[PDB]
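I have placed the structure first, in the form of structure tokens, so that the comments after it can refer back to it.
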Amino acid sequence: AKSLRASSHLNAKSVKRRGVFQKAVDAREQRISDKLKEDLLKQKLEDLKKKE
Amino acid sequence: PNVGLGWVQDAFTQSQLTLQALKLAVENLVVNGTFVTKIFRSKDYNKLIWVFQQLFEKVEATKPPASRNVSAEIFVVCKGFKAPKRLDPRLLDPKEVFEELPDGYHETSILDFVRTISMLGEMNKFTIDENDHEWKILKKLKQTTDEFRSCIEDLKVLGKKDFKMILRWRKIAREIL
Amino acid sequence: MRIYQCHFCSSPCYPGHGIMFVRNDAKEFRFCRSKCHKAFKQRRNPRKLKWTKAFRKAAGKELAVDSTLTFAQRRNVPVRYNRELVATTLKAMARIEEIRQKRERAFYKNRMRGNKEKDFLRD
Amino acid sequence: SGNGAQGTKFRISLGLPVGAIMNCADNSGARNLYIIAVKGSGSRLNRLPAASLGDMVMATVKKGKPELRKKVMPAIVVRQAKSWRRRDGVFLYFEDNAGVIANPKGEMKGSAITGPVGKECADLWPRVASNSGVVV
Amino acid sequence: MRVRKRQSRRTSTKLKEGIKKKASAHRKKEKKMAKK
Amino acid sequence: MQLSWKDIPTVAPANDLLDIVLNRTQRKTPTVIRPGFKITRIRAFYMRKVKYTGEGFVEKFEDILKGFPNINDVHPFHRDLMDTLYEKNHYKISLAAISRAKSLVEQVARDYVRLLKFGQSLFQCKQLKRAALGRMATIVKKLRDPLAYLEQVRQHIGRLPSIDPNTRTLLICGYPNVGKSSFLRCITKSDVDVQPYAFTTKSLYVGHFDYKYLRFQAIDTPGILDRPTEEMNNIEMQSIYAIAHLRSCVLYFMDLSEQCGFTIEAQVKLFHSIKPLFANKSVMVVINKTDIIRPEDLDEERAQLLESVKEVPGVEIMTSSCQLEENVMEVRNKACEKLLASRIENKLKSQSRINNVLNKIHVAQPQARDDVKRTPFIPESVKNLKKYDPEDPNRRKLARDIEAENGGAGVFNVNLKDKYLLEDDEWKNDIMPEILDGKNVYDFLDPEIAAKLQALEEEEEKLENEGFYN
Amino acid sequence: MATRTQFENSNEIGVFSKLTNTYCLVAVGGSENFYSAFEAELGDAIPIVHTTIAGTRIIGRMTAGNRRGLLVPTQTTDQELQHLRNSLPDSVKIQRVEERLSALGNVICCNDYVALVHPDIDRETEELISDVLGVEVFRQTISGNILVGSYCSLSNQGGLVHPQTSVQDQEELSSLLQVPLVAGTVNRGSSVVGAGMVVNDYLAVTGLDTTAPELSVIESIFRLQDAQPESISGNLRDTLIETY
Amino acid sequence: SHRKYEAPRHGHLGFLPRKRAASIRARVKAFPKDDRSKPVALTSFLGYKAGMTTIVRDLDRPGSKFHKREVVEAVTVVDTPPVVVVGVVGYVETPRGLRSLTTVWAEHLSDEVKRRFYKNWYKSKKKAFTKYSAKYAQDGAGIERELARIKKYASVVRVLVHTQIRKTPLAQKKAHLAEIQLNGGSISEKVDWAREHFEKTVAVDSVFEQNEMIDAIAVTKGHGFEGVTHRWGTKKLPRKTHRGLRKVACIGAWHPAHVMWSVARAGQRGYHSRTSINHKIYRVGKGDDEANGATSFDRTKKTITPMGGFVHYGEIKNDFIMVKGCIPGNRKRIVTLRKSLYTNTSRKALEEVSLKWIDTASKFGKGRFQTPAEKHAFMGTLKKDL
RNA sequence: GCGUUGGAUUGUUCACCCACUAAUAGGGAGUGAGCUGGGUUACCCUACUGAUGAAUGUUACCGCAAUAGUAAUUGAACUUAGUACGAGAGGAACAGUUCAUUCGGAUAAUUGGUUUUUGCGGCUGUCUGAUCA
RNA sequence: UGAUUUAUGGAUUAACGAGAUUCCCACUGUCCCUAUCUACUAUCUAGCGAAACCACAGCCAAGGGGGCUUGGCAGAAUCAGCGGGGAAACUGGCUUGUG
């Protein structure tokens, strides 16, 4: 019974990678980047609360 | 088998081989013949020796040297035989001989406990009665509270102090009765 | 999730703390911690041992019986999930605990009234 | 495990080695069991084959009836008496340590059971759960 | 792969002089036979 | 051990067997010695080698023997047909040959070991070991042919069918190319070719079937010609010993048909030659492809022939054909009813089933012992809805299929909610809080609680207005 | 209407499921093919409910109920009790109960009208079952075979018990429990039919190893096809004596 | 001879030669490569371990035996004050490796990082970065020369951070530096994003979220010098082999008269770096939220910081990450928190997860009470309280 | 590349049985240092494992990575399937999903263990006039 | 060199012993399977202060029927543990699966 390293398993897992289980990741990282982008805007208005 | 093996399951094999030895011995043993058997000294050794004394006239255990002296190789001769035309079937089947003595889940009453030198070591649990007239007699004292209402339900959880308490209560109930 | 009362401690056993025991007579006994369990194994009497509620409630410290206590028994009659029902129950519990605190406080206050006159004669 | 033995097994605590006498809970007439072997083990250097709850074991009988004593037979563990862990959070154990007999396909030999049995054992095996009066 | 052990091609002198002494034995045996 | 034996794993030829065993010990065992080691090590090394090969040999020969079925007193059926078919003498001498072979190699093994225990030196032992192995090799070379004959019988016995002769069976014998293949096909999933040539079926063919909640086997014969009963080919001989051995009904597949164009005199004299072996056989003739002819137009000569057949005491004819199902079914029903009759007259003469069958036949009746009727509840809805159609373009979705289609079998999470009743489905998907600071809420939750806390508010009103809380 | 179907590869079905005339209960092991197998017969007529007990799957032997009432033992979580009352209609009464012994399916065989009970039961439970179900409750052992709820299957149509019961016990229990019954086998001689199979008045389920006589006799005694009121028994008396 | 039972050794060779690492900051060796169409995004973080606690959860695991049941499991908790960006390095490709060629800093710097770059601080004049800020403090353009250098060259970049350690309980008062790599394309976008992220904080919710599998790399838990039996799993010697007993008794003979490297002679254990991977996040709390520890079920107003506080660490007035498992590290140690180096596959990495209850009981002993309020109720009144 | 089990056993065990396991293959360099028979200065340096260290203007921070090392393994279940295949009897499969065994690395939330916190209690004898301590 | 013989039914042996052993019950960290705690040293420092032993001294593999030949490496100086070493096994390519 098979290894980790097996040719079968790895091509199978690779279609499984470019199938669903990268889709959630592409969603995840975009959500994350949106939050990251808007946190800079929170910090900007925090800066502008000192500017005023 | 080759001597020194395990002494439980080979005890089964020698025991059943010896039982077949009984079934052929009682078939074709002449009076004052010879019934000579090898045995692993087992838990059944007391049973077979007891019933051999119950069945036969001369039964000698040899305790031989010149074996390994690490296995329980015990060789026995049974000489003398009644040649019974009437046979006792209770002493061939190994069911009646296996009595198992106790020493000395259960939920019992308490008036019997008041009533009843080894008659104390079996009180495991009790049950509750509230309406009987003797309970109504026993109402008018310290009983029915301070863990007594629970210590009728279970007794394992007491320990020796409340054992002495419950025994003093049994003296109280006894002098009441 | 189910908080449990301790069999020996009469204390809350949260999930994953403390230990269950189960008898040949098919009785589960949860135990708050080592102390609770070891006393049970030692076959002690919590009705004798002081710091637990088993002793206290029976020895006439903090009130054992009240209408506030008869709200929180088991419910073996699991009705049907009204959200407004829970919206009421939560606030009800929030207030039940407050009045319980006050009832305990008054119990203690009438327990400990009468110190000052005996101190007055102590001097 | 074999035919009939349902499901998978979780990691539970391995309390009982070979050669720990335990009691028997069925109405065969067998009193006690003595393990000689465990099934489905691994192997590690001078480890003893360790038994647990929910395990099917090769084991002999010491006290009981003369017909069933002193021959090896399949047996299920039902009571550990050493602390194991549930996944819904609690640790637990029984008073005494106990196991029953059954055939290699997991089917019960007796017609009754005494005392409480393991939850995981009764879930993993149908027939102890069919013959179980008491669990937890 | 796992590239396995070789035999050498080194001289290992005992085998050289063993070869020479063996050779002379062979040629001696040939002369003992060669009269026939 | 029985029942179409397969555990006769393989036999090599002798040369390839020697190659097997010799290279096996050569590979597994050590293969290196220097002379400068000590002589116990050297002796014991060659001892190790010879005993290894010996155990390998005799274990292989044990795999031969314990695999092989030991025909003497296995079942008289299987035993005797094998004797007809597979050259009983050649069989037994082959097994004798390997038996003396294994005794020989064990003997020479023990004696050379007895020699080698005081083997002094290396050339001596090496010559000895090679010598012993050549001797066992030479006897293995003596035995090339019978082992290959046994390879073929291994193959054939693996191709043999599976029969319990004890059980309810229906022997089907007829002439060649009568429509038995059509018959067994129509009753049973077994596609034997129907093609009109003499030896089409060469061996014994099985089809299992069922009727009236029972299990039956049906054993069709390759077909028979006269070969008149003094000496005979093994095919008809095994058919004969099948008739002789199997205790179940026998069925004659008569062709009162235009096909099977051997003449009726040939057919009836064949029948007459097989008259004496119809002693206790429960013979049942059936005439085939009768819907084509409707044989009441038959002439008196062919009529008095079939009366010449019907002269025997026990005989019963049916009529059937191989274009509709009803007659083949009804004659099958009648044949297993003949088998019920046969099994009944076999079974009701022991009087032993009477003691234990009443426990199973005993359906109890209460006598209903009451005044109140207890009615089985069956709803209206079970009657209202349709039975589910497996194969339908439009049918109930069967959420197995939904889990498969989204989805998968062990990947998809069912929403356990949105399957049941609430006052409102919108907060079906809501979360229960289930917990408070202490004092878990499921032991609190009930109706009437606004009224109860209002009651408690009257109580605290009653205490605060008197000023109890000072 | 008898059907062969296998929980996941076990022929033992009433380990893992329960069936009333009015509802059905299933475990959550793996994939939704068992549920679907039952839903193919029943449709949306009554609820087939996925459930758990203590995070354990064994519902056909841990649980016991009828169309009038339903029980669970102590150890069920209150989330699951909520889930049950949300799953089921408010017609049926529901109760968690406190006992020495909890194996409800093992200990009770019952139908909508009447129940048999294990003898060492406690009296408060004996009271409560009769309160909740409104049924008549009877305390006996079957041929001395104990855990009667496991060694018996029952419905309003008929009865079934393991085959070793003597006829006097069969008769007296039939008169007691007020349906016909048979000492029988299921699933290649599996004496435990309470766990081996499951019945209501209008459906019967077994595992795949069950034979044609077995399904026939239980189809006869429980009369599953509308209508087979002892008619298929009266036909198939003969196969009983020929086979067994 | 061939020793008649062939068995595995006691230990792993791959983590050898076993030695104490150089610094408490776990250093990262490799990051997830890129998606150079996706926007910029950080690949790692810093955190500070504080304590472990317990969770129950409803596990949505198809196929399981714990599909839709309650399961308990153990978590740890890392402090995570948001993290401020100070500068960039540019990195190039050679056939020798990657090579730093330029670093640029962000023109206003805290005393915390100045406390790092000095080692004896209070005895300083604190003249760290002055002439660099003065090299900015003009029209500038030196900074821009370097930045465009990096835009032209410099395939890869990493960003320099430091923590806000002053916002913690913790007594170090010295800021930890790091280099963190990125996963966008568009090198000019990376660098200008940094140019605007200068002197700006970054929380973790901007990076991580629920149902994620990450990697922790840290340094571990000294024990000092340890004998072989405690260190490896080597057996103990029976009794009275002379010259010591918790040791390797016989290594061989005068053949071999030379010692091997694979037999676990004595030395250190601990203070090594390690990496432990595919640790599942369960929760990300935010310090501004009162009662981040209040789960979705419970609705008791309460924060995670348990009674008696954390042990050898204070209470949280910052964000937190809650991951299962046991992260390598000890109490009040740093960690460097990477993300997973590839697109994971396991359906375990997916569960829209429902934690049921966080424990906050006290870990200075056998905690039973989540809150002082519940304690105050259950106990009631005392001598002191009135 | 990884792995190769736990027990019982000698006036001539000889070659073994018992079971489990996926299996329970074979040999070298080994203890001429511990053990069994009817028995004829390991203190010098060496290498190894851990640990410091002047040197290159100094000191500190951040990193690269020449190289050397390398670890994962094994079995079972769910469907798939009672399908293919098979007269029957019997009955697999890679894709998907989940658990365990073994081995390793870390970890201390919880459970268990452990106590010189000799922390809080308890106890014998003696001593500090008795009590308290 | 020393329990007991002219039909006694002695000669068969009760008891006797820092003598030995089989089965069964009990017991326990011998073991699974190790974990922990204690006092001292070990360690460091102030002071006192040896001996054994010593051709030189030392890094490894193959070869030469510790040092030389050929190669691999070697970076000052050093500390603590360490127990592996410290002036009885190919005549001649031996041995292998096939009398």
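Chain labels follow the order of the structure tokens: the first chain is A, the next B, and so on; residue numbering restarts at 1 in every chain, and ligands are counted from 1 in their shown order.
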
DSSP alpha helix (DSSP H) selection over segment 63-300 of chain F, as a ChimeraX atom specification: /F:63-65,76-85,88-116,122-141,144-158,180-187,234-245,264-273,300

Show me, as JSON lines, the residues of chain C having an atom within 7 Å of chain F, each with the closest atom pair and its distance in Å, using only C-alpha atoms.
{"residue": "C:2", "atom": "CA", "partner": "F:440", "partner_atom": "CA", "distance": 6.9}
{"residue": "C:3", "atom": "CA", "partner": "F:440", "partner_atom": "CA", "distance": 6.8}
{"residue": "C:71", "atom": "CA", "partner": "F:444", "partner_atom": "CA", "distance": 5.8}
{"residue": "C:72", "atom": "CA", "partner": "F:444", "partner_atom": "CA", "distance": 4.7}
{"residue": "C:73", "atom": "CA", "partner": "F:443", "partner_atom": "CA", "distance": 5.2}
{"residue": "C:74", "atom": "CA", "partner": "F:443", "partner_atom": "CA", "distance": 4.7}
{"residue": "C:75", "atom": "CA", "partner": "F:443", "partner_atom": "CA", "distance": 5.4}
{"residue": "C:89", "atom": "CA", "partner": "F:445", "partner_atom": "CA", "distance": 6.6}
{"residue": "C:92", "atom": "CA", "partner": "F:453", "partner_atom": "CA", "distance": 6.6}
{"residue": "C:106", "atom": "CA", "partner": "F:469", "partner_atom": "CA", "distance": 6.6}

Could you save those same residues with N, CA and C atoms as an mmCIF file, in the first residue's frame?
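Wrote out.cif, looks like this:
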data_model
loop_
_atom_site.group_PDB
_atom_site.id
_atom_site.type_symbol
_atom_site.label_atom_id
_atom_site.label_comp_id
_atom_site.auth_asym_id
_atom_site.auth_seq_id
_atom_site.Cartn_x
_atom_site.Cartn_y
_atom_site.Cartn_z
ATOM 1 N N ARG C 2 -23.021 20.602 28.454
ATOM 2 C CA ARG C 2 -23.759 20.375 29.681
ATOM 3 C C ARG C 2 -22.800 20.501 30.841
ATOM 4 N N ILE C 3 -22.969 21.498 31.592
ATOM 5 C CA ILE C 3 -22.319 21.597 32.881
ATOM 6 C C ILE C 3 -22.930 20.540 33.759
ATOM 7 N N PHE C 71 -36.649 26.151 39.468
ATOM 8 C CA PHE C 71 -36.690 26.519 38.071
ATOM 9 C C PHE C 71 -35.778 25.671 37.204
ATOM 10 N N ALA C 72 -34.679 25.157 37.757
ATOM 11 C CA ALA C 72 -33.534 24.695 36.981
ATOM 12 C C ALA C 72 -33.336 23.193 37.094
ATOM 13 N N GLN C 73 -34.417 22.445 37.264
ATOM 14 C CA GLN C 73 -34.331 21.000 37.206
ATOM 15 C C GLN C 73 -34.210 20.559 35.757
ATOM 16 N N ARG C 74 -33.982 19.263 35.575
ATOM 17 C CA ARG C 74 -33.984 18.669 34.246
ATOM 18 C C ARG C 74 -35.321 18.908 33.559
ATOM 19 N N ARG C 75 -35.263 19.082 32.238
ATOM 20 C CA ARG C 75 -36.442 19.078 31.385
ATOM 21 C C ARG C 75 -36.316 17.926 30.413
ATOM 22 N N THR C 89 -36.254 33.673 28.503
ATOM 23 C CA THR C 89 -35.607 32.834 29.513
ATOM 24 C C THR C 89 -34.281 33.407 29.949
ATOM 25 N N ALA C 92 -34.771 36.235 32.244
ATOM 26 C CA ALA C 92 -35.315 35.652 33.452
ATOM 27 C C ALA C 92 -34.210 35.066 34.303
ATOM 28 N N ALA C 106 -29.210 38.115 52.323
ATOM 29 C CA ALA C 106 -30.047 38.272 53.495
ATOM 30 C C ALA C 106 -29.923 37.081 54.422
#

Within 12 Å of segment 18-35 of chain A using only C-alpha atoms (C1' of nucleotides), minus same-chain residues under 3 positions, as a PyMOL selection string: (chain A and resi 11-15+38-42) or (chain F and resi 407) or (chain H and resi 35+37-43+182-184+202-213+339-340+342-352)

Residue with smallest distance to residue 19 of chain E - pool J:92, J:60, J:52, J:1, counting only C-alpha atoms (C1' of nucleotides):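 Smallest separation from residue 19 of chain E among the options: J:92.
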
Find the spatial neighbours of segment 121-126 of chain D, counting only C-alpha atoms (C1' of nucleotides), within a cut-off of 7 Å - ignore same-chain residues fewer than 3 positions away - and output them as a short mmCIF file (atom, residue, chain, number, x, y, z; two decimals) with N, CA, C and O atoms, in the first residue's frame.
data_model
loop_
_atom_site.label_atom_id
_atom_site.label_comp_id
_atom_site.auth_asym_id
_atom_site.auth_seq_id
_atom_site.Cartn_x
_atom_site.Cartn_y
_atom_site.Cartn_z
N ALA D 5 -17.33 -7.22 12.18
CA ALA D 5 -16.75 -6.16 12.98
C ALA D 5 -16.86 -4.85 12.23
O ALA D 5 -16.18 -4.63 11.23
N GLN D 6 -17.71 -3.97 12.74
CA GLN D 6 -18.13 -2.79 12.01
C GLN D 6 -17.25 -1.61 12.36
O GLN D 6 -16.74 -1.52 13.47
N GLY D 7 -17.09 -0.73 11.40
CA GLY D 7 -16.55 0.58 11.67
C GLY D 7 -15.04 0.62 11.72
O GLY D 7 -14.33 -0.28 11.26
N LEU D 53 -10.33 -1.44 25.47
CA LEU D 53 -11.72 -1.61 25.13
C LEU D 53 -11.87 -1.71 23.62
O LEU D 53 -10.94 -1.40 22.88
N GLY D 54 -13.02 -2.21 23.18
CA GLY D 54 -13.34 -2.23 21.77
C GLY D 54 -12.48 -3.14 20.93
O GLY D 54 -12.48 -3.00 19.70
N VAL D 78 -15.10 -5.25 27.26
CA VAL D 78 -16.23 -4.39 27.59
C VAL D 78 -15.96 -3.42 28.73
O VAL D 78 -16.68 -2.42 28.83
N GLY D 118 -18.71 -0.88 27.45
CA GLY D 118 -18.18 0.28 26.78
C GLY D 118 -19.05 0.76 25.64
O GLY D 118 -19.54 -0.01 24.81
N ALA D 129 -24.00 -4.94 21.56
CA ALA D 129 -25.05 -3.96 21.69
C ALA D 129 -26.42 -4.58 21.55
O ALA D 129 -27.40 -4.02 22.04
N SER D 130 -26.51 -5.73 20.88
CA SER D 130 -27.76 -6.46 20.86
C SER D 130 -28.03 -7.16 22.18
O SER D 130 -29.17 -7.18 22.63
N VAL G 15 -30.13 -2.87 14.94
CA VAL G 15 -29.13 -2.21 15.72
C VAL G 15 -29.20 -0.72 15.48
O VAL G 15 -29.17 0.07 16.42
N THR G 56 -23.06 8.61 19.63
CA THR G 56 -23.04 7.21 19.28
C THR G 56 -24.18 6.96 18.32
O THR G 56 -25.16 7.71 18.27
N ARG G 57 -24.04 5.89 17.55
CA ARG G 57 -24.91 5.63 16.42
C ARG G 57 -26.02 4.64 16.73
O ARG G 57 -26.86 4.40 15.85
N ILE G 58 -26.03 4.02 17.91
CA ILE G 58 -26.77 2.77 18.11
C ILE G 58 -28.14 3.14 18.66
O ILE G 58 -28.46 2.95 19.84
#

Within 12 Å of residue 175 of chain B using only C-alpha atoms (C1' of nucleotides), minus same-chain residues under 4 positions, as a PyMOL selection string: chain B and resi 114-115+138+168-171

Check: which chain D residues lie within 10 Å of chain J using only C-alpha atoms (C1' of nucleotides), as JSON, numbers by chain: {"D": [15, 16, 17, 18, 46, 47, 48, 49, 50]}

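Set the cut-off at 7 Å, count only C-alpha atoms (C1' of nucleotides), and the residues of chain E near chain J turn out to be residues 13, 14, 15, 18, 19 and 22 of chain E.
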
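With distances taken over only C-alpha atoms (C1' of nucleotides), J:82 is the one residue among J:59, J:82, J:48, J:74 lying closest to chain H.
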
DSSP-assigned strand (DSSP E or B) among segment 73-125 of chain G, expressed as a ChimeraX atom specification: /G:93-96,109-110,114-117

Output file for the residues above (N, CA and C atoms, as an mmCIF file, in the first residue's frame):
data_model
loop_
_atom_site.group_PDB
_atom_site.id
_atom_site.type_symbol
_atom_site.label_atom_id
_atom_site.label_comp_id
_atom_site.auth_asym_id
_atom_site.auth_seq_id
_atom_site.Cartn_x
_atom_site.Cartn_y
_atom_site.Cartn_z
ATOM 1 N N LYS G 93 -45.656 11.981 22.360
ATOM 2 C CA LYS G 93 -45.023 12.372 23.603
ATOM 3 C C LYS G 93 -43.601 11.852 23.629
ATOM 4 N N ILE G 94 -42.746 12.565 24.343
ATOM 5 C CA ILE G 94 -41.310 12.365 24.311
ATOM 6 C C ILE G 94 -40.816 12.402 25.738
ATOM 7 N N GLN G 95 -39.857 11.534 26.065
ATOM 8 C CA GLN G 95 -39.291 11.622 27.401
ATOM 9 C C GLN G 95 -37.905 11.025 27.542
ATOM 10 N N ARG G 96 -37.053 11.785 28.213
ATOM 11 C CA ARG G 96 -35.848 11.259 28.820
ATOM 12 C C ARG G 96 -36.189 10.702 30.188
ATOM 13 N N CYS G 109 -39.432 -4.755 23.693
ATOM 14 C CA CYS G 109 -40.171 -4.926 22.462
ATOM 15 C C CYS G 109 -41.580 -4.420 22.709
ATOM 16 N N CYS G 110 -42.045 -3.543 21.828
ATOM 17 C CA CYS G 110 -43.368 -2.970 21.976
ATOM 18 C C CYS G 110 -43.892 -2.552 20.620
ATOM 19 N N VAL G 114 -49.183 -2.222 23.285
ATOM 20 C CA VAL G 114 -48.846 -3.177 24.327
ATOM 21 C C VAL G 114 -47.348 -3.458 24.284
ATOM 22 N N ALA G 115 -46.754 -3.734 25.450
ATOM 23 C CA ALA G 115 -45.317 -3.949 25.572
ATOM 24 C C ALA G 115 -44.974 -5.085 26.523
ATOM 25 N N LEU G 116 -43.858 -5.741 26.205
ATOM 26 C CA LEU G 116 -43.163 -6.660 27.087
ATOM 27 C C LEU G 116 -41.925 -5.980 27.642
ATOM 28 N N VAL G 117 -41.619 -6.323 28.893
ATOM 29 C CA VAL G 117 -40.632 -5.639 29.706
ATOM 30 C C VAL G 117 -39.767 -6.684 30.398
#

Distance of atom CA of residue 108 of chain F from atom CA of residue 58 of chain F, expressed in Å to one decimal place: 12.5 Å

Test item: chain B residues at most 7 Å from chain C, counting only C-alpha atoms, as a ChimeraX atom specification: /B:105,157-159

Exercise answer, chain F residues close to chain J, 8 Å and only C-alpha atoms (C1' of nucleotides), as a PDB file with N, CA and C atoms, in the first residue's frame:
ATOM      1  N   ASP F  19      14.964 -25.696 -10.662  1.00  0.00           N
ATOM      2  CA  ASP F  19      15.472 -24.343 -10.776  1.00  0.00           C
ATOM      3  C   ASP F  19      14.917 -23.454  -9.676  1.00  0.00           C
ATOM      4  N   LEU F  22      16.527 -24.746  -6.097  1.00  0.00           N
ATOM      5  CA  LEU F  22      17.947 -24.546  -5.999  1.00  0.00           C
ATOM      6  C   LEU F  22      18.283 -23.078  -5.948  1.00  0.00           C
ATOM      7  N   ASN F  23      17.667 -22.274  -6.807  1.00  0.00           N
ATOM      8  CA  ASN F  23      17.969 -20.866  -6.736  1.00  0.00           C
ATOM      9  C   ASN F  23      17.345 -20.250  -5.492  1.00  0.00           C
ATOM     10  N   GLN F  26      19.912 -20.948  -2.869  1.00  0.00           N
ATOM     11  CA  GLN F  26      21.068 -20.175  -3.269  1.00  0.00           C
ATOM     12  C   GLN F  26      20.897 -18.699  -2.963  1.00  0.00           C
ATOM     13  N   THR F  31      26.091 -18.039   0.871  1.00  0.00           N
ATOM     14  CA  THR F  31      26.703 -18.584  -0.319  1.00  0.00           C
ATOM     15  C   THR F  31      28.210 -18.482  -0.318  1.00  0.00           C
ATOM     16  N   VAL F  32      28.824 -18.163   0.807  1.00  0.00           N
ATOM     17  CA  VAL F  32      30.223 -17.803   0.901  1.00  0.00           C
ATOM     18  C   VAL F  32      30.824 -18.615   2.028  1.00  0.00           C
ATOM     19  N   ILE F  33      31.983 -19.205   1.771  1.00  0.00           N
ATOM     20  CA  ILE F  33      32.831 -19.793   2.791  1.00  0.00           C
ATOM     21  C   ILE F  33      34.272 -19.568   2.388  1.00  0.00           C
ATOM     22  N   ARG F  34      35.051 -19.326   3.294  1.00  0.00           N
ATOM     23  CA  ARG F  34      36.485 -19.323   3.244  1.00  0.00           C
ATOM     24  C   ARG F  34      37.007 -20.599   3.884  1.00  0.00           C
ATOM     25  N   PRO F  35      38.126 -21.172   3.446  1.00  0.00           N
ATOM     26  CA  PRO F  35      38.629 -22.359   4.126  1.00  0.00           C
ATOM     27  C   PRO F  35      39.188 -22.091   5.481  1.00  0.00           C
ATOM     28  N   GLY F  36      39.677 -20.903   5.723  1.00  0.00           N
ATOM     29  CA  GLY F  36      40.300 -20.639   6.986  1.00  0.00           C
ATOM     30  C   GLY F  36      39.386 -20.601   8.186  1.00  0.00           C
ATOM     31  N   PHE F  37      38.074 -20.714   8.012  1.00  0.00           N
ATOM     32  CA  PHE F  37      37.184 -20.799   9.147  1.00  0.00           C
ATOM     33  C   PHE F  37      37.231 -22.199   9.708  1.00  0.00           C
ATOM     34  N   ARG F 130      27.362 -31.450  -3.139  1.00  0.00           N
ATOM     35  CA  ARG F 130      27.036 -31.528  -4.555  1.00  0.00           C
ATOM     36  C   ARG F 130      26.558 -32.919  -4.912  1.00  0.00           C
ATOM     37  N   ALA F 131      27.115 -33.928  -4.251  1.00  0.00           N
ATOM     38  CA  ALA F 131      26.764 -35.288  -4.583  1.00  0.00           C
ATOM     39  C   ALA F 131      25.336 -35.598  -4.161  1.00  0.00           C
ATOM     40  N   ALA F 132      24.980 -35.168  -2.955  1.00  0.00           N
ATOM     41  CA  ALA F 132      23.656 -35.440  -2.429  1.00  0.00           C
ATOM     42  C   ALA F 132      22.605 -34.718  -3.236  1.00  0.00           C
ATOM     43  N   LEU F 133      22.898 -33.476  -3.581  1.00  0.00           N
ATOM     44  CA  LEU F 133      21.959 -32.717  -4.370  1.00  0.00           C
ATOM     45  C   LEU F 133      21.786 -33.302  -5.749  1.00  0.00           C
ATOM     46  N   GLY F 134      22.843 -33.869  -6.315  1.00  0.00           N
ATOM     47  CA  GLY F 134      22.678 -34.532  -7.587  1.00  0.00           C
ATOM     48  C   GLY F 134      21.827 -35.774  -7.477  1.00  0.00           C
ATOM     49  N   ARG F 135      21.893 -36.470  -6.345  1.00  0.00           N
ATOM     50  CA  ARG F 135      21.072 -37.668  -6.208  1.00  0.00           C
ATOM     51  C   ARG F 135      19.600 -37.312  -6.121  1.00  0.00           C
ATOM     52  N   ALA F 137      18.329 -34.589  -7.204  1.00  0.00           N
ATOM     53  CA  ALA F 137      18.037 -34.094  -8.534  1.00  0.00           C
ATOM     54  C   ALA F 137      17.769 -35.218  -9.504  1.00  0.00           C
TER      55      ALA F 137
END
